[PDB]
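First, one chain by itself: the form deposited in one PDB entry, in structure tokens.
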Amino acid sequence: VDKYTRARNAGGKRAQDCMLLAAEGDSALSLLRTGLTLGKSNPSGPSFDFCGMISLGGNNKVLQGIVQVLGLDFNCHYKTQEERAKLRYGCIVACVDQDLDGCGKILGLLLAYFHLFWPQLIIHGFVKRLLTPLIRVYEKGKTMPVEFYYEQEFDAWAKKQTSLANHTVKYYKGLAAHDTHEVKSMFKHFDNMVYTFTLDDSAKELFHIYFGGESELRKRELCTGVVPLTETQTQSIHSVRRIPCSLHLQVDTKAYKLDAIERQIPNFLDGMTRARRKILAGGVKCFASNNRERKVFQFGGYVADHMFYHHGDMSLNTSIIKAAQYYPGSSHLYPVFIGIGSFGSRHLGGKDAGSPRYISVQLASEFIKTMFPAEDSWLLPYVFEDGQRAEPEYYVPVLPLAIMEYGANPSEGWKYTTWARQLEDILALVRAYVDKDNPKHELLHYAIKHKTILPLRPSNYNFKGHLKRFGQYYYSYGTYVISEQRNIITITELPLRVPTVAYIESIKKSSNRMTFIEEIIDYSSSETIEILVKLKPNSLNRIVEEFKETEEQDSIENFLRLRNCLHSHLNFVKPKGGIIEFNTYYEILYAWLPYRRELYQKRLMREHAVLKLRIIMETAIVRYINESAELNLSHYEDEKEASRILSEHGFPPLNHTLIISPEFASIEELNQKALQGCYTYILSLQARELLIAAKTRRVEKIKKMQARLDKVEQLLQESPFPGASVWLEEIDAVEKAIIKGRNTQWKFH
């Protein structure tokens, strides 16, 4: 009875005709109230005579709320027609958003709830949804648009079209996006919009997996991607208006389950989540003209406007602030921004940063120009947020960046914990893989059979303690000095990633050792540690007898808790989709190596093709320079006549815009679109560089481009793989930028 509008004929004699429109949220209910009492404007349509509304967004108080209005009995089983004819409504029709959230959450729980208790209602048809168009394309002529209920049904349409300069493509992911014209239009044919769920005897196991525990089988299920619906499946759905449970659950609620765990766990190619990749791409795009200081809320507003960030601002502001912190033992070891201001210190974990009204930010632009090179950002797959081009799917850096900066996730949802690796020990291994004159190039012999002779040990940069390997795990230690005059113990270095004030409180709470120490003061600097622990008198002789001299840990380093264990949970997201757990750090590096050399081969192949057709166009223009006298265009002022004349004298037609600036185009689109254009690389000249003193320029340009094409053709013939000698120069420029940044305190003066 909460937000429930009762139908007129509900519970009476014609209660087998009624529907119960079950909307999620509260704006969907406003759309339904607009559509149901639409009036005399459509006589053949629904109304409140046979439709009632109830809200959702609640085994809770809400799922016991539709039971009270349908008259459902838990003890019944509803097998025959006369036994399920004592319900107060004919069916339920769900009204959810077309986005990742509504069809994953509300429909998924409602179907699982009906399958758990009354599975004979999904059979014979009682749970229905209604689906509203996703994409509408509007012509500049006619008023009735062309509508698509799935995105693949739009991709199969617009691929077969001409230039879409007269069409407006418009996406509708939520029910609050439909205008009054088109919400009036959807309630013309309300009955051609209601689909029915069915069972297929695989839904038993699939409802067992995704809902109701069994986390082992969910971890076995979410390892692969989200395979979208094929063409014959969508045609078979539209033919009979019946959708199976297993297709909707596999496609439309696996995708929610993967969307929820992809904003916590980072991709393993670049080490970023989705929001951090938005921040990096918006920072590359923002600071490209002038590298001027922007404040943090202004750069956050830029990223929200231009990279389509729709999850609040305080998450965005703390992600902008968190990335640019450079204290000892921070999350980023190679930050992508420069923190002009006060971004917090090591003592309370970066939580004492300034307000984002006051602090500023700017790019690194010597690190970020060299780690993520700009001529490979045109070869990466991108995401599309409602038809507009946002951030890429994944960057591929030069050096394996998922194991270089160490960070965890600040939640107890999913397990993820990375400790950094030695830069001097990843560079030796990468340059053993790439270079052929590097004497340890038998790495290939044990990159397959795992026979590993080069090491990867943890970072120990910005760390004055010790790291020791005890059997299987590494341990970090702190340092201390003892004054045997006035018995103050001075703590000078805590172990890795341990903030100071939480350490002080952890000594405060342990009462078995608070009964020895008297007073404790933190006189530390902003980046070093100096803690005085003043002990009670006659204490040092008996704390040795309480806390024993173990070989792994002496008497003081368990008295003051100066030992840390480096547990490491390596759970990552695949590029195509899924979840992968790795179990050593060698495997993350091995996976990274295959992907990067294919970007070297792709961008060299792309450059080779573009140089081919640049040379073709410039040779054609020089040939027009030679015999320009035999073309009296002064009386050929009609464009089609000069076009037909130039078609006779062997000149090729060229799409000159796509030759000058190939913008995110692939190799095959360059091959099949650059030869279909007009003759406006000749018939659009200034007639100012047509003389002799500019022909030498174009002959020299052809000379430079031909030499560069010979250079690219000898780069693609190398050993061990194409583009190898390009990638060593990139490694050297990266490590010079990192070395120039480490001895400037990452300010780059």
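Take the two forms, superpose them, and find the largest set of C-alpha atoms that agree within 1.5 Å; that set is the rigid core. Counting begins at 1, following the sequence as shown.
*asked:* Where both flanking residues are modelled in the other PDB entries compared, is residue 58 itself missing in a third or more?
replied: Per the records, residue 58 goes unmodelled in at least a third of the other entries.
_Size class of the missing deposited segment between residue 508 and residue 509_ = In the record, the chain runs straight from residue 508 to residue 509 with none unmodelled.
*Where residue 58 meets residue 59 in the shown sequence, the number of deposited residues left unmodelled*: 10 or more residues are missing.
Quick note: we don't show the form deposited in another entry, though the next part is all about it.
_When the rigid core is used for the superposition, does residue 661 move between the shown form and the other one (threshold: C-alpha shift of 2 Å or more)?_
True for residue 661: a C-alpha shift of 2 Å or more.
*asked:* For residue 398, does the CA position differ by 2 Å or more between the shown form and the other one when the superposition is done on the rigid core?
replied: Stays below the 2 Å threshold, so no.
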